[PDB]
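Chemist: Chains as they are written, first to last, in my numbering: chain A, 1 to 88; chain B, 89 to 135; chain C, 136 to 165; chain D, 166 to 190; chain E, 191 to 324; chain F, 325 to 528; chain G, 529 to 616; chain H, 617 to 700.
The beta carbon of each residue, even a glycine, is placed where N, CA and C say it ideally should be.
First, the structure itself, so that you have it in front of you.
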Amino acid sequence: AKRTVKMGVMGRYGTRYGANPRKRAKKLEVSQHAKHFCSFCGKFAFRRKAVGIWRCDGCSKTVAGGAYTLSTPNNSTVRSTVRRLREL
Amino acid sequence: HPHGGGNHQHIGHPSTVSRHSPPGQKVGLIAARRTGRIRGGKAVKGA
Amino acid sequence: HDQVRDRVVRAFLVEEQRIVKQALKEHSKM
Amino acid sequence: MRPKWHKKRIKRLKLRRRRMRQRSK
Amino acid sequence: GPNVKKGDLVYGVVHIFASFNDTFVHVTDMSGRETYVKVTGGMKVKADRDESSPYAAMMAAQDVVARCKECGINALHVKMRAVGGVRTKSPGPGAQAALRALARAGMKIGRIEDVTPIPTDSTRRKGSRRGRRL
Amino acid sequence: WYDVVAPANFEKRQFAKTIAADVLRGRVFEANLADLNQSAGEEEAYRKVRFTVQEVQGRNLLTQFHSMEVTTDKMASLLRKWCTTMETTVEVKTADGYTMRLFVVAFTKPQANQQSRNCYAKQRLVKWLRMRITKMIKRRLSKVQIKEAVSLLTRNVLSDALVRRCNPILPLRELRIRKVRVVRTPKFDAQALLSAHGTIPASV
Amino acid sequence: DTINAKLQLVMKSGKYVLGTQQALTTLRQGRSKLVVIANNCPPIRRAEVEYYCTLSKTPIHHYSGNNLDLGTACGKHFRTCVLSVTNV
Amino acid sequence: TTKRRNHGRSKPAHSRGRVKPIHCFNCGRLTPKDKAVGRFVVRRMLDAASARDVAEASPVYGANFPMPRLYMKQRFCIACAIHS
RNA sequence: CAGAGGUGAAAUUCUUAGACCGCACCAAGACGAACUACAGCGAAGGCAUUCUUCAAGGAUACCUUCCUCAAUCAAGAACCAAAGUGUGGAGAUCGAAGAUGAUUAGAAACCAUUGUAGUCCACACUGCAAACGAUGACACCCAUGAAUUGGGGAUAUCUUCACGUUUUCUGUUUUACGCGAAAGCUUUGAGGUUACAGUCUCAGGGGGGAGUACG
Ligand SMILES: [K+]
Ligand SMILES: [Mg+2]
Ligand SMILES: [Mg+2]
Ligand code: NA
Ligand code: NA
Ligand code: NA
Ligand code: NA
Ligand code: NA
Ligand code: NA
Ligand code: NA
Ligand code: NA
Ligand code: NA
Ligand code: NA
Ligand SMILES: [Zn+2]
Ligand SMILES: [Zn+2]
């Protein structure tokens, strides 16, 4: 059965910190405890080991990036520009 | 502290202090060019 | 054993690639 | 008067009624 | 002045800015980085309303010729303009009077061009979406 | 008082006067092409040529080509309600190292026996015409010096090549180069500047 | 798309093999007709296969797709990196 | 009571949904482009009295070379067109 | 170098260390004039600089394949101008609130100078418009003359593809019987209805209270 209506992983806090701060922290907590895609090995295998360290147990590899997510939106621009300049 | 004391909790004097104040007197907003909530664009901060 | 095997194969293949590239450069030069 | 102005008056009265009901409850 | 014979013509550029509020008669060189005389219609009339009138712009032209002949310039290239931009493109009332008074005063008119600014695509202009409710 | 000298591509030099050497250089002087080339074709009267000062010799200012543009009255006149207007922007680098941007405008015309109200073109043919114009301009202007490039544009010999070579694609009422601007210059060379002007006129 | 259709036809009526070890075995036995490798492959791992193909004079095709893409083209629910066709 | 079968604009039953508005020439009011009255005007810079004086004093303009004109497109709101 | 601005007229402003004006340049943010129209595209809301790129959509051509697979809908779902809300950017122009001039018996307004939120972007909400053709979707018949957009078939001109004539399919507009209280509609109906039956679906029952109260 379903155990909470809307308060998900944040249900461990009880009634204790304010609805909006809990709702704001929930998205980052979910993304930080999720599992992310590995471009090499082609599967969902990346897990966080500290505030910016992501580790893939399949390929046995560690990557630097993002506090609560594997890739930040700012890095996509850098990779696109680098690839285009290399193509030139 | 320069701000301590009183029967109510308050600062008796302006909290903007000079750039030439001696150590011990330089507490508060130091050499502030402006105070209050900014309306409009936010400028850059620094010399 | 797997690390030793990987190192052996990598050594051989890299040396072959280097030899081919250098020979191609010299043949273009001459 | 203008129906838009009358609707504004109705909205203001309804908002006041909701606030009064919340305070009185 | 310049080292030329009496017959030889020395050429300048006159910028004529005719809005509804006022009129400008500005004389420069070909580059535009050096100016000789600048007389406006508001320097010859004691009322704000008469600043742009064709009469007021007429006097601004004559006093330009008096000083210009002293500087050693006898011919002018015309560059007329209006407000432009996001505003009206129609020139003001004093544009005709300013140019005509230059010709009768004894200035050799060269080539005439229209240089009012025009936007390829512009910004929003004054007034609401209801316009000016006069 | 100083004198402004145009390069050797134009016949009537010494076209302006002005009223300390560091401040003088860099000024831009504008003149009408009909005055320099001294021709009565009634078509070069609508072209303005700009020159920039690079070196002052005595009281003579030695200039170099800056830009060229058609007057607003002529450009406004060639617009018709039931036609198609096409524009093209081309950037080409010459042999010397000058890179220039060109703007080209073309208009459609109806056929001799056409009985339709309008003469709109098709987007496929407009794109094909645009592709041809940039290809030939990039080819001819990239193998000549700055002196030859100005002569081609001012003498109106490059424009006649497009109208002849692109009329089969679409019937054209008129095709003109609206504006030419120099957007990049190489390093300054004293020897190159003197060669362009040849024998300078004397000034008093 | 042509290569995907051809591989589908081969799988419907032919004999193929998945896996680096089995592909190398087919190359050693001289029972291989074509080898297909995906793009996301480690350099040394792909280099051994390419070296064997060159030595045996066997044609080699580069898929330019993920290993998950190659598995989907093969019509499977698992990722495959190397494919060896023994009978067409 | 419908006054015009085109409702004062050149937009039929259903072929468009929205047309970019433009500012009136005089008051600056925003009106749809197909509803605004639009005229293109070409006018002489100077009138006959002033043109004769300038042409006589100009070594460039004369019988053969004509004087330049001003070409503009003017779009007005329906009110500004009636008053003008 | 002695004013510029603003107005019916002025005052609101700004300017001798100097505005307004003229020339070239630099920075940032919006926006792509004219051509632009009883034109084109989209289910609607909506959509105009060029080049490269990704997945789509309609019409046309066909002696290709399949064989009733369809029309319209409670419940349910998705999208939806502007204003507005939250969190991060950006801040050129314009500009609710406000401030200072005008006007007026009076001006809180209309006019002038400014000016914050807004306006622009990404993500997440809101779910309303004279959201109008004030006209639900699908199918059949129907008179005349215009045009015009896209494709196809047959048989007078120009340059080294465009155009002319006649048919044709799809769109998109202008100008008879019949109908209507009238205004008016009219191959794309508001026609074919007391001579009343092609199919489905959403609303209405004199005017206010009122789209209000309670849930
Ligand atoms: K609408
Ligand atoms: Mg004053
Ligand atoms: Mg303002
Ligand atoms: Na103290
Ligand atoms: Na306190
Ligand atoms: Na306090
Ligand atoms: Na005035
Ligand atoms: Na004034
Ligand atoms: Na349906
Ligand atoms: Na908005
Ligand atoms: Na106002
Ligand atoms: Na926005
Ligand atoms: Na509604
Ligand atoms: Zn991996
Ligand atoms: Zn108006």
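1) Indicate the three-state DSSP secondary structure (helix, strand or coil) for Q690/H in the structure shown.
2) Under 7 Å, Cβ to Cβ, is there at least one residue of chain F near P684/H?
3) 7 Å is my cut-off, CB to CB: does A652/H come that close to chain E?
4) So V155/C contacts chain G; which residues on that side make the cut at Cβ distance below 8 Å?
5) Give me the chain F residues within the contact set of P192/E, using Cβ-Cβ distance strictly less than 8 Å, ordered along the chain.
6) Report buried or exposed for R500/F, applying the criterion of at least 16 other Cβ atoms within 10 angstroms of its Cβ.
7) Could you compute how far the alpha carbon of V653/H sits from the alpha carbon of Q338/F?
8) Start and end of the beta strand (DSSP E) containing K228/E?
9) In chain H, what lies closer than 7 Å to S363/F by C-beta?
10) Taking only beta-carbon positions, decide if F353/F is within less than 7 Å of chain E.
11) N356/F versus chain E: which residues are under 7 Å apart at the beta carbon?
12) For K636/H, which three-state DSSP category applies?
13) Return the first residue and the last residue of the beta strand (DSSP E) that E393/F is part of.
14) According to DSSP, simplified to helix, strand and coil, what is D513/F?
15) Where do the N-terminal and C-terminal ends of the beta strand (DSSP E) with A355/F fall, by residue?
16) Taking 7 Å as the CB-CB cut-off, is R142/C touching chain G?
17) With a 10 Å radius around its C-beta and 16 neighbouring C-beta atoms as the bar for buried, classify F334/F as buried or exposed.
18) In terms of DSSP beta bridges, what is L646/H paired with?
19) Are the CB atoms of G231/E and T213/E within a distance shorter than 7 Å?
20) Taking Cβ-Cβ distances shorter than 8 Å, what residues in chain E pair up with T395/F?
21) Which residues, taken in chain order from the segment 591-611 of chain G, show a beta carbon closer than 7 Å to some beta carbon of chain A?
22) With a threshold of 7 Å on Cβ separation, who are the neighbours of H108/B within its own chain once the five nearest residues in sequence on each side are excluded?
23) Taking the DSSP output, what are the residues bridged to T342/F?
24) Shortest alpha-carbon distance to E578/G belongs to which of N594/G, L598/G, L555/G?
25) Output the distance between the C-alpha atoms of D420/F and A120/B, rounded to the nearest integer angstrom.
26) Taking CB distances under 7 Å as the criterion, tell me whether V428/F reaches chain E.
27) My assumption, with CB atoms under 8 Å, is that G65/A sits in contact with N75/A. Please give the rounded CB distance.
28) Below 7 Å between beta carbons is the criterion; list the residues of the segment 555-586 of chain G that meet it against any residue of chain A, in chain order.
29) Who are the neighbours of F46/A on chain G, taking C-beta pairs under 9 Å?
30) Residues of chain G with a CB under 9 Å from the CB of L148/C: which are they?
31) Determine the extent of the beta strand (DSSP E) in which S103/B is found, giving its start and end residues.
32) Between the Cα of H639/H and those of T647/H, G633/H, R632/H, spot the shortest distance and give me the residue it belongs to.
33) Which one of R239/E, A295/E, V276/E, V254/E has the shortest CA to CA distance from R315/E?
34) Counting contacts by CB-CB distance shorter than 7 Å, is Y687/H in contact with chain F?
35) Report whether the distance from the Cβ of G599/G to the nearest heavy atom of ligand 14 is below 6 Å.
Modeler: From the atom records:
1) By one-based count along the eighth sequence, residue 690/H stands at place 74. Strand, per DSSP.
2) Here residue 684/H corresponds to residue number 68 of the eighth sequence, with the count starting at 1. Chain F, which has a Cβ nearer than 7 Å to the Cβ of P684/H, makes this yes.
3) One-based indexing of the eighth sequence puts residue 652/H at position 36. Answer no: the Cβ-Cβ gap between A652/H and chain E never drops below 7 Å.
4) Sequence index remark: in the third sequence, residue 155/C carries index 20 (1-based). Those within 8 Å of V155/C in chain G number zero; the least Cβ separation is about 11 Å.
5) Locating residue 192/E in the fifth sequence gives position 2, counting from the first residue. The contacting residues are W325, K341.
6) If you number the sixth sequence from 1, residue 500/F lands on position 176. By the 10 Å Cβ count, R500/F comes out buried.
7) If you number the eighth sequence from 1, residue 653/H lands on position 37. If you number the sixth sequence from 1, residue 338/F lands on position 14. The straight-line gap from Cα to Cα measures roughly 51 Å.
8) Against the fifth sequence, residue 228/E aligns to sequence position 38. Segment 225-230, the beta strand (DSSP E) holding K228/E.
9) Position 39 of the sixth sequence, counting from 1, holds the residue named residue 363/F. None at all; the shortest Cβ gap to chain H is about 14 Å.
10) Numbered from its first residue, the sixth sequence carries residue 353/F at position 29. Yes, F353/F lies at the interface with chain E (some Cβ there is under 7 Å from its Cβ).
11) To locate residue 356/F, count along the sixth sequence from 1; it is residue 32. Those are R301, listed as they occur along chain E.
12) Taking the first residue of the eighth sequence as 1, we reach residue 636/H at position 20. Coil.
13) Position 69 of the sixth sequence, counted from the first residue, corresponds to residue 393/F. Run containing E393/F: 384-394, per the beta strand (DSSP E) assignment.
14) As a first step, residue 513/F must be located in the sixth sequence, where it is residue number 189. The answer is coil: DSSP assigns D513/F none of H, G, I, E or B.
15) Looking up residue 355/F in the sixth sequence gives position 31. Where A355/F is concerned, the enclosing beta strand (DSSP E) stretches over 352-356.
16) Here residue 142/C is taken as the residue at index 7 of the third sequence, counted from 1. Not an interface residue.
17) In the sixth sequence, residue 334/F corresponds to position 10, counting from 1. It counts as buried.
18) Indexing the eighth sequence from 1 puts residue 646/H at position 30. DSSP, once it has assigned bridges, lists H639/H as partnering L646/H.
19) Mapped onto the fifth sequence, residue 213/E falls at position 23. Mapped onto the fifth sequence, residue 231/E falls at position 41. Yes. Within cutoff.
20) For the purposes of this step, residue 395/F is taken as the residue at position 71 of the sixth sequence. Near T395/F (Cβ distances below 8 Å), the residues of chain E are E303.
21) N594, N595, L596, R607
22) Reading the second sequence from its first residue, position 20 is the one you call residue 108/B. Answer for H108/B: no residue qualifies.
23) Taking the first residue of the sixth sequence as position 1, residue 342/F is located at position 18. DSSP, once it has assigned bridges, lists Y326/F as partnering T342/F.
24) For the purposes of this step, residue 578/G is identified with residue 50 of the seventh sequence, where counting begins at 1. Checked all of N594/G, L598/G, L555/G; the closest Cα to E578/G is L555/G.
25) The count along the sixth sequence starts at 1 and reaches residue 420/F at position 96. The count along the second sequence starts at 1 and reaches residue 120/B at position 32. The alpha-carbon atoms of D420/F and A120/B are separated by roughly 56 Å.
26) On the sixth sequence, residue 428/F is found 104 positions in, with the first residue counted as 1. No, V428/F lies away from the interface with chain E (no Cβ there is under 7 Å from its Cβ).
27) Taking the first sequence and counting its residues from 1, one reaches residue 65/A at position 65. Taking the first sequence and counting its residues from 1, one reaches residue 75/A at position 75. Between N75/A and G65/A the Cβ distance is about 7 Å, and since that is below 8 Å, they are a contact.
28) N568
29) Reading the first sequence from its first residue, position 46 is the one you call residue 46/A. The premise fails here: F46/A is roughly 15 Å from chain G at the closest Cβ pair, so nothing lies under 9 Å.
30) Here residue 148/C is taken as the residue at index 13 of the third sequence, counted from 1. Here the neighbours are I572, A575, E576, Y579.
31) Here residue 103/B corresponds to residue number 15 of the second sequence, with the count starting at 1. That residue, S103/B, is in no beta strand (DSSP E); it is neither H nor E in DSSP.
32) As a working mapping, residue 639/H is identified with position 23 in the eighth sequence. Of the candidates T647/H, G633/H, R632/H, the one whose C-alpha sits nearest the C-alpha of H639/H is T647/H.
33) For this step, residue 315/E is matched to residue 125 along the fifth sequence. Of the listed residues, the one whose Cα sits closest to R315/E is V276/E.
34) To locate residue 687/H, count along the eighth sequence from 1; it is residue 71. Yes, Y687/H counts as interfacial toward chain F.
35) If you number the seventh sequence from 1, residue 599/G lands on position 71. No.
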